[PDB]
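**Q** 3D, please:
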Amino acid sequence: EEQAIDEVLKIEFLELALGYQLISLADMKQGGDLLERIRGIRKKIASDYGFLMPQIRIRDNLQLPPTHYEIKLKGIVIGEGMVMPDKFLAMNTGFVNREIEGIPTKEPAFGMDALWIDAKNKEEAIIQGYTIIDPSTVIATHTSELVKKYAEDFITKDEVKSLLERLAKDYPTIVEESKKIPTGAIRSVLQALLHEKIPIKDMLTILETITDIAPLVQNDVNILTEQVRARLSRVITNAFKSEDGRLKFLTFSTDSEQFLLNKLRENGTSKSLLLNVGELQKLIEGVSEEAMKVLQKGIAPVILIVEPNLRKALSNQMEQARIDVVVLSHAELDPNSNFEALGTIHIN
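**A** Residues are numbered from 1 along each chain as shown. Have a look at this structure:
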C-alpha cells in the first residue's frame, strides 16, 4: 500500500479504457487513428460548446472483455460499449436502396440501428446508399456524446474564472459589471445550459443577459436560464441542425398542448406538470413511440418544440422518465434556418 500518494497527485479527467483487442485501433504502426480521433474531441467540443475540458486519457483495461471499452469520469463509469475492431459499421441515414447483409446492432452513441460488415462489403454497401463508419469513429462519437452529456461537470469554479478572464482580454467592462452578480448564479446558469446541450461559446450574450436580468429576479436560475436561452436562438438552432442543414423536430398536437398547459403549475418560479399515473403514462408512451420512429429514420437527437411555458416542465418530466430528447421553446428558433417537422405527438 502506497496510495495516499496516487490519491494526492491524481488529476481529474475523462478516461477511455480499452480491452485488449481494441488497443490495435490506437496503434499507428497498425494504421489506427483512435488516438488522434479521441485527442481531437477536446478541440471540437471547445469550439462547439465553448468550454475547455482536460485532455482525455487512454488506458488499457485487461479486466474488460477484449472488444469492450469503458469510459470513466472522476473514476466513475459513465459509459461502456464494444466495437468489432476489424470490421465496419454501415448505417441507413435515409438514402438506402436495397438492404445489405451483416450483423445487426444498435450503434452506442444514439441507439440507432446499424450493421457490422466486413471490409469487402464496403463497396456494395456504398452502392446501396449506406454510410460507413469505422470502429475508432464509433468510439470517438460515443465518447464525444458522453462529454456533451456531462458537460456540466467540467464547469468548475476554476473554469468559470478562466472563461471570464479569457473574455476580459477584449470585453473588460461587461466582465467587470458582472462582478455585481453572485458567482454561484453565473456558474449555475452555465451548468443549466450545458445540462441541456446548449453551448456557452457566446459568453458576451450570456453575461449581458445575466447582468441585466439577475438583479430584477433575485438571481433566480430558472428565470435566467430561460431568458438567456431566449437570446441564443441562432446558437441554439445551429447546435441542433442536422448535417443537411435542417433542424428536425416533433411537436404536440394543440389538444395535447392544451392538456399539458391545463396540468401545468407554478410554485415559486418552478414550473411542473401535475399528472396522475394514467396521464403520465399517456404522456410517456406518446413521446417515446414517436421518438422511437425518429431514431429509426436515422435522425438524432430527437427534438421537441413547445411554447415557453412548457419547456422546462416538460424537460424535467422527460429526464425523470429517462426519455432522451431535447426540448426547445419557440423563442429559441432562428427563422434564418431551415426546419423540418417529422411528426406530431398525440397524448389524447
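**Q** max-length helix in this structure?
**A** As assigned by DSSP state H, the longest helix anywhere in the chain is helix 277-296.
**Q** Show me what secondary structure element comes after it.
**A** As assigned by DSSP states H and E, the chain's next helix or strand after helix 277-296 is strand 302-306.
**Q** can you give me how far that following strand is from the chain middle?
**A** Remark: strand 302-306 is offset 14 Å from the chain centroid, using C-alpha atoms, centre = their mean, to the nearest Å.
**Q** and the next helix-or-strand element following it with helix 277-296, angle?
**A** Sequence-wise, the next helix or strand downstream of strand 302-306 (DSSP H and E) is helix 308-321. Put simply, helix 308-321 runs at 90 degrees to helix 277-296, going by axes from the mean of the first three to the mean of the last three C-alpha atoms, to 10 degrees.
**Q** Show me what whichever helix or strand comes after helix 308-321 is packed against.
**A** Moving toward the C-terminus from helix 308-321, the next helix or strand (DSSP H and E) is strand 325-329. Under the contact criterion of 3 or more C-beta pairs under 8 Å, 6 or more residues apart in numbering; DSSP states H and E, strand 325-329 touches helix 221-230, helix 233-240, strand 302-306, helix 308-321. C-beta here means a position set from N, CA and C on the backbone, and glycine is covered the same way.
**Q** Parallel or antiparallel, list what pairs with strand 325-329.
**A** Sheet pairing of strand 325-329 (DSSP bridges) gives strand 302-306 (parallel).
**Q** what's next to the strand it pairs with, contact-wise?
**A** 240, 247-252, 257, 287, 290-291, 294-295, 314, 324-330, 333, 345 (C-beta atoms under 8 Å, 6 or more residues apart in numbering).
**Q** and the angle for it with helix 233-240?
**A** Going by the same axes, to 10 degrees, strand 302-306 makes 150 degrees with helix 233-240.
**Q** Could you give the number of residues near residue 206?
**A** Counted with other C-beta atoms under 10 Å, the neighbours of residue 206 add up to 27.
**Q** Highest mean neighbour count out of the helices and strands packed on strand 325-329?
**A** Across the helices and strands packed on strand 325-329, averaging neighbours per residue (mean count of other C-beta atoms under 10 Å) puts strand 302-306 on top, at a mean of 21.
**Q** Alpha carbons of that strand, in CSV - could you do that?
**A** Extracted in CSV, the C-alpha atoms of strand 302-306 (Å, rounded to 0.1, in the frame of the first residue of the first chain):
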residue,chain,number,x,y,z
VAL,A,302,-35.0,13.8,-31.1
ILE,A,303,-36.2,17.3,-30.7
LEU,A,304,-39.5,18.5,-29.2
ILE,A,305,-40.6,22.1,-29.8
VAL,A,306,-43.1,23.6,-27.4
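**Q** quick one, strands of the stretch 101-250 of the chain?
**A** Along the stretch 101-250 of the chain, the segments classed as strands by DSSP state E, counting those that start in this stretch run 103-106, 113-117, 131-133, 246-252.
**Q** can you put those in a markdown table and add distance to residue 177 and mean neighbour count?
**A** As requested, the strands of the stretch 101-250 of the chain are exported to a markdown table (distance: least, C-beta to C-beta, whole Å; neighbours: other C-beta atoms under 10 Å):
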| stretch | distance to residue 177 | mean neighbour count |
| --- | --- | --- |
| strand 103-106 | 49 | 12 |
| strand 113-117 | 50 | 19 |
| strand 131-133 | 47 | 16 |
| strand 246-252 | 33 | 20 |
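**Q** Figure out which of the ones you listed is closest to residue 178.
**A** Distances from residue 178 to each of those were compared using C-beta to C-beta; the minimum, 30.9 Å, belongs to strand 246-252.
**Q** Packing partners of that closest one?
**A** helix 277-296, strand 302-306, strand 338-345.
**Q** Could I get the buried residue list for the last one?
**A** Yep, that's strand 338-345 we're talking about. Neighbour counts using 16 or more other C-beta atoms under 10 Å place 342, 345 of strand 338-345 among the buried residues.
**Q** quick one: contacts of it?
**A** If you take C-beta under 8 Å, 6+ apart as the criterion, strand 338-345 is touched by 245-253, 256, 286-287, 290, 293-294, 297, 299, 304, 333.
**Q** and what of stretch 155-167?
**A** Taking contacts as C-beta under 8 Å, 6+ apart, the residues outside stretch 155-167 that touch it are 50-52, 174-175, 178, 183, 186-187, 190-191, 194, 200, 203-204, 207.
**Q** Filter those residues down to the buried ones.
**A** 50, 51, 175, 178, 186, 187, 190, 191, 194, 200, 203, 207.
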